[PDB]
């Protein structure tokens, strides 16, 4: 099953909700990730150019997909097929971001 991460739209996009599969994949419990930016999933071998593409997409509230090297709580690397989409209201205000996380290792 694919994980899901929901963040606030502003500040530094703190996590406000994760589903069960997020914990299955990453080894982190909800309580230890809520209020944090999801970048804690990154590590030494994470590709900087990929991170920059995510950074730009989020800044512009544009949908993006990347295959990015992430790390479980225990430090084991995994390949994360990550898809991020903005959540907008009818007036175009960005309410939140939703990320889908699939372990494609």
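Numbering follows the first chain given and starts at 1.
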property	result
Between the two ranges 15 to 23 and 84 to 92, the one averaging a larger CA B factor in the entry	84 to 92
Of 56 to 64 and 73 to 81, the one with larger mean CA B-factor	73 to 81
Position of residue 29 among the chain's modelled residues by C-alpha B-factor, lowest, middle or highest third	highest
Within-chain third of residue 105 by Cα B-factor, per the entry	highest
